[PDB]
Every structure is written in structure tokens, then in C-alpha cells.
Amino acid sequence: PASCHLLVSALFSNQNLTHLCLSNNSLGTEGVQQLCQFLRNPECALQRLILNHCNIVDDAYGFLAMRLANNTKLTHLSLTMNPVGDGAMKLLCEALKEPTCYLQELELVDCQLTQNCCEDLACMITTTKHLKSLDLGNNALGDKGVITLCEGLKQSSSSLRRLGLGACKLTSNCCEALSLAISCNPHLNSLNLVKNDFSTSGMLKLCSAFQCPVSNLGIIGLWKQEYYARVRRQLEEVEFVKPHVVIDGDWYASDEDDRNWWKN
Amino acid sequence: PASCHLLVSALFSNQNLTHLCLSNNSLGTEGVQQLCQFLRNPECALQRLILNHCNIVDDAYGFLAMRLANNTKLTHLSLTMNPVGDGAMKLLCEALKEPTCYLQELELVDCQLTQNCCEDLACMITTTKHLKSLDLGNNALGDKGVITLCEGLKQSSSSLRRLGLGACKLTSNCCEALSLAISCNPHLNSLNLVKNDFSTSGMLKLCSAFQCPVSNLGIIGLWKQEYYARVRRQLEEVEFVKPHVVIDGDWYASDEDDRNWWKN
Amino acid sequence: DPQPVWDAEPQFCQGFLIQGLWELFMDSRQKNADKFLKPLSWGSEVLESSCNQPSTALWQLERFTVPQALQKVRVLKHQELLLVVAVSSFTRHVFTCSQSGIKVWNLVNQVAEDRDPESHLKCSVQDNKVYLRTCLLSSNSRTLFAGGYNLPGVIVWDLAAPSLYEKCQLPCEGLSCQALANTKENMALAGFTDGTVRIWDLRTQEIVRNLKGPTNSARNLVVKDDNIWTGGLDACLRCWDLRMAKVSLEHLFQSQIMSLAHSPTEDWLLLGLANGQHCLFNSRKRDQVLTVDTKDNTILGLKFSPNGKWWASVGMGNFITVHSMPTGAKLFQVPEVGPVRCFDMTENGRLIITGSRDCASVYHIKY
């Protein structure tokens, strides 16, 4: 934290650094405050900022939300294995709801989440106009949470493209709402559903939703070995109907934009 | 808290209330969020808001801080005997440092505060151009924290008029720092120093500070029965040189503007 | 409504070319894109590329890896229902155990369907009626164990010698080998129907210790250098240390116990009950047992990962389920048509073998 504070203070005067990555290193509250102060300084020109597995305090979430309320030239942000409460989630989605947001991508995989904040998530999705990619991971949204999310999605005001759900403890009930939302979602492009229990009838419903001409879902991440013969035949029929649909287990392999510049 | 959400939701269409007061009522986090959401829209036209004993904790401070950062036509805010943190105070100072803020007076009487937040307060006082009255009560600023404040006070760039330090754990050692600040501070007009212990020698320095022609201070909150006979003669000498000065123990009796309308 | 569809599995390029050449000859004598699975390279690895991850791991935590999906590569054919399988990753020799006969196969050769084994071993030739139920392998791959119901003893085969031969009969005439066990020590362990456990030394072939309990309590047995665990129909749970030679803990359940498991890197004990409840217990603090997973179907087999992160279950309901240790939640699913009796795992963590019906199947793990 002292080293991080010194590094940020030194970087305060810099203006030619666009991409910055800091992961797995403990960061103090004062470090986050100094980083936000640097971001508020003009001529920063820092597009992508990546932070994972670095503990972030509740007050730092306030600073981040205040920056996000009036933010430019800051497109991609990542937060993973970070303790984020439901109230912090509400604060973040309220900050995103403001029209002066240019954040294209937001990643929140292992942040502990519950079903209560899902209504505010649906509201912010409906209101937001610039969010393109949204990802969720091991956080357990819950059946009611996914139902509310799909109710917000089916209205289809949002122009988001990529949605990611994995090990969210899904059931067969939300599949009807998901199919209904997809059936009127020409904008949606990519989708993932892995490590979630899906019954046979849910698979038929989802395949039928895929086959509808309105849906334009191209990238889909599922494991074909888990399902029965009829589901495999239906997916083959989907591939026959649309020549540009590909189903592969490794969903993260596909990159529409440079996301693993730091990983390489 | 359920009842409070109904009023602000109903008031969302109101264009009448300029003064609103609440006290000694349990208030939930969601009520503050909607209340902050209430002021988010235009045509709120609400000037003063008082919430003394309402329990405001954690993200609700962040909700207010985000709103206050880009806010206007909200001049008076009061919080008293409601718990705030030193970090939460740091968050508020950053919002107040923004040029887009017209909040005139701010009161935190029994809110818990320490020496660490004093340095951030000192930076805020110099840069702020719209804050006039700052009130600090039972919070223990300490000797070191106060000395930090006088450095910003000494620089005299601030235009604040009324400052209140009652039961702020002042001592004899810090008497030197205050005397220097009062020596060069033409803008300061009203001051409060009650329930604080000062050295007989230090008060001899403080009394000499009042007699300085540079000082333009008119209202002093002090109890003449507390101090030494020689000091009393010096105190009487202050009134002799400057006939316009008033020394009275009851500091809250004087009202430049309406502050006890709810108490009336 | 499973409606399952079956297709040739490997679709190997060599097989495709051979099939193509075969058709041309038939066409000549008659007058009178494509997807192929990667072969098992040398019988050791598949040589695939790993899958991407959302974020990088910690510098200290590189070794921890978890699987995603299972893919089958080969099918092993035996006309009779198989009961147990063995991996022997060091020698690339898979052993298949059935009620009547045992066969040995090698994974070097590439073929879709394997019908000809490298070695065929039957215990029914020696005696009039031989029913086999249990089998076991040693880590050093120097011994092979096979127990039977009416077979008077247990036969040991050694793979170090150039030829396979029987070491010792080690008779148990009145006792049927319901349970067979072995340890790092040379010492042999076995359980039988009548609640009796008799113990022999391989070097000298003598009975050294006998244990007695209520009937049906020897259905399960867990071996450790300082821990012997025993339970059955009674559901009493007993942990024994040979050193001070006394039962350490007694535990009671509402139903019978069938499946037990242990973790190498740090002790955890897994319990499988008749009503389908998975109970986890730690053998260090020794305080309390807890259950986190429930399955409607009865669970018959269980196994743990060498890394110490995931465990896969095989049960009556024709399902394969794999979980994780932090929460017990399942992470991927692969069902099969037949009731899966057995299960297996590899020390390297690259292959996996499971068998339900008369024939056996070999799967490949992806990381």
C-alpha cells in the first residue's frame, strides 16, 4: 500500500500511459483515492484499467462511483475476486445510470452477490445506453434474480451484446423468460450458460428460441456432452438453419476486442 | 423507513417544499437512496434539509456524496449525533472541493471525528470558495489536528466567516497556533471557544491576539467567569479599544439567519 | 425422455482413410466440415491446447487446476457386465473386472473398438463355481489382487516378471470377499459378509490379526497408516489405529453406508447413505460431520482428485456427477445409458475410466 501510493503519486505527472494493469497486489484506500485524483486530472488519456484480486474497501467504491458519474476516456474496467456487497452494487448501478458514462465493458465474476440487487441491475440495464459487455460469474443470482433480469431484458431497450452466466445456480423455470427475451432481442450477440442445471424441456425451449428468425445469437457456450440425443439433434438443426452459429465449451476463447493484452 | 419512502415518492412531483426537517426517526438505507434520488431530478427546489438523529450508515453517505458533488440550490445541511466515519468525512471533503458546489453551511456537532481527517479538512478550507459557516462540536479534533487547521487558516485564502470549536479538546499547548491564525485572518468574524482549557500564559497570548488591529473578529463565545483576574482586565481592554466587539457565553443565541425554524 | 443417439466415437483420420479405400475396392468388384477426434498420442497424452480463463492466477497458486468437460476416446468390449476397473497409468495397462472373467488391455494401439485383449485371465477354470466381486491394484504395479464370492481365496499376480503367474491362494473358505483392501505397508486387509476381517502378511503368508463385528458391517473399509475405518448396514462408524489397537470414534446414522473417500493432501472423509446424502468429515480436528449434497438415487462409488479439489460420484440413477471441495456444488454433468457401478481415476490426471454395462468406456479430461 505504501509502494502503491508512491507509484500512483509518481504516475500522477505522467500523461502518455493509456493502458495500465495492476493485479494481485494489495491496494490501500489512500491509493485508490490518489488514483481517482489522478483520473480526475485532465490529459490522463487512460482507456483501460484492470484490477483483480486486490482488496477494495467500501469507501473506495464511493470514489469509483463518483468518478464513473462523470467519466470520459475510460471504457473498460474489471473487478474480480473482490468483496462487493449488495449495497455497493446498488451504488455502482446508480452511478452507471447517469448519462455521462462511457464504460463499454464491466466484469464482475467472483464478487459475492445475492438476489436482492437484481431488480436494480435490471433497472440499470434498461436505463443504460452505453454498456455493451456485462459478465457475471460464481455469484449466485438466484432464480428470482434471473427472472427479474430477463424481465428487464425482454423489453430490449438496452443495446448490450455479451451476457455471461456461469455457476449461477440456474433452474428450468427461468428458461421460459430467457427464451421470451431472446425471441425479441435482435441486438444480443453472445451468451454463455455453463455449470448450470438445465432440464431437457428447457433445452428444447432454448433451441426453439435459437431457431426463431428474430434471434441473432451467434456465439453460445455450452457443453454438448451433458445433454441427450434430442437436444444434440436440435442444436444440429439450429446450426443447419443459421450457418453462422457456433457452439463451443470454451466461451472465453473468443475475443471480439483485445482483452488479453496483459494476459499474453 | 417504509413510511418515509412514501413521502419522498409523493414529493417527487412536488415543486413547493424548500425547507424539510426530520429528526429522531429511524431511517433505512433505501429511504436515503430514494431521497437522494428525489433531489436528482430538476425542479426539486429544496434548500435546507435536517436529519439529526436519523441513523445514516455506510453507503448512504456515498449516496449523499455523489449527489452533493454535482449539486446546486442546496445550501444548508445539518447532521448531529448521527455516526459518521473519518473515511466518510474524507469522501465528503472531496465532493466539497469541486467547483460545482454552493453549500453554504455544514454542521457536524456530535459526529465522531479524529485527527486524521483534519489534514484533508485543512486542504478543503483553502480551496473551497462557497462555504461560509463550519461547525464542529463534540468531535475530538485533538491538539495536532487543530494545529493543522490553523495552517490553512493562516494562509487566509479561505473566505469562511463563522467557525465553531466547542468541546474540541483544546489544550494549553495549541494556544500558540490559534493566536498566529487569528493574527492574520481579516475574513473571520465569529468564533466559539467553550468547554476548553487554556493556559493563563496562552490566554495572555490569545488576549493579545484579539487586540491586534489586523483582526476583524466581532463575536466571541467565552465565559468571563472562567479566567484569571489579569485576563479579565485584558478582556476588558479588548472592549475598550474596539467598541463593536461582543463577548457572550451563549454562542448559539445569536442568529444571523434563520436556523431554529424547526425548533421555533 | 432421454431418446439417446449413438455414433462412432473416434472418427479417426486413419480410420476414415481406411474406410475410403475399402469402398473403392468394393465398387471396382461390384460390376462382377468433417470432424475427427485427436488420437491418444503414444497412450499418454492427447496433446491439446488448454482453455482460456477470465483472469490470471496467483503466483504462488499455479498448481491448482480444475476440470471442465469429459470426452470419451475408446470403448473396451467385454461380453459380461464389468464390476471394477484399474488404470495403472505408469504401464499404460487398463484392467477390467467382471463377474466371470478378467482381461488386460494396452492403450498404445489406436482403435475405435477394442475386442482383443493383451491378456485374458479367468478364475473359473480352477474351481467348479467361481463368482468374482472385488479387485485391487498396488501403486508400485508389482501386484494384482482379485477376490471372489465362492472362490476359496485371493490370487496375486505380479507384473514385474516377464510372465503372469499366481503367487498365493491365501484361502478364506467360509468367508466371501465382500471388501478387499491394501496399504503402503506390505500388510493385507479384507472384509467379508459375516462381519469378520482377517489379515495376512504377503512376505510370510500368515494370519496376524483377526477382527469381528456385527453382520454386514464389512461392506466398506478405508485404510490409512494410522487409521482403519469400518462401517456397513448397521451404520456404526468405527476408526481404529493399529498402534494402540482400540476403536477411536463411534458414529451413528439413520441409514446404511456404502461409499467412503479420503483426500491425500489433507484428510477429508466422504459419506454416502442409502437415502442419498453426502456427508463430509475432517480427520484432523475430529469434531463434527456435515452434509451439503443430496441425491435421490443411491450412490455406490466415489473417488477424489489427486490435486485435492474435485470428487466425482457414480450412482444407481445412470448419472455421473462431479463436485468441488469448497462448497460441494457440482460443476459439470455427463450421463450414461446404463447404471454406472464402478469408477476410476488417473494419478496423472489426464484420463478417466467408467463402466456401466457389459462394455467399458475411456474418457479424456480437459483443463
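Along the chain as shown, residues are numbered 1 onward.
Method on record in the header is electron microscopy, 3.0 Å.
For all residues, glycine too, the Cβ spot is worked out from N, Cα and C.
Annotated in Swiss-Prot:
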type: REPEAT; residues: A:16-36; note: repeat 'LRR 5'
type: REPEAT; residues: A:45-65; note: repeat 'LRR 6'
type: REPEAT; residues: A:73-94; note: repeat 'LRR 7'
type: REPEAT; residues: A:102-123; note: repeat 'LRR 8'
type: REPEAT; residues: A:130-151; note: repeat 'LRR 9'
type: REPEAT; residues: A:159-180; note: repeat 'LRR 10'
type: REPEAT; residues: A:187-208; note: repeat 'LRR 11'
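Mapped onto DSSP classes, the repeat 'LRR 6' (A:45-65) shows 8 helix, 5 strand, 8 coil. The highest tally of CB pairs under 8 A with the repeat 'LRR 9' (A:130-151), across A:45-65, A:73-94, A:102-123, A:159-180, is held by A:102-123. Sorting each residue of the repeat 'LRR 11' (A:187-208) by its DSSP state yields 9 helix, 5 strand, 8 coil. When Cβ-Cβ distances below 8 Å are used as the criterion, the repeat 'LRR 6' (A:45-65) is approached by residues 15-27, 29, 32-33, 36, 39, 73-85, 88, 91-92, 94-95, 262 of the same chain, each at least six residues removed from its ends. Mapped onto DSSP classes, the repeat 'LRR 7' (A:73-94) shows 9 helix, 5 strand, 8 coil. The residues of the repeat 'LRR 9' (A:130-151), classed with DSSP into helix (H, G, I), strand (E, B) and coil, number 9 helix, 4 strand, 9 coil.
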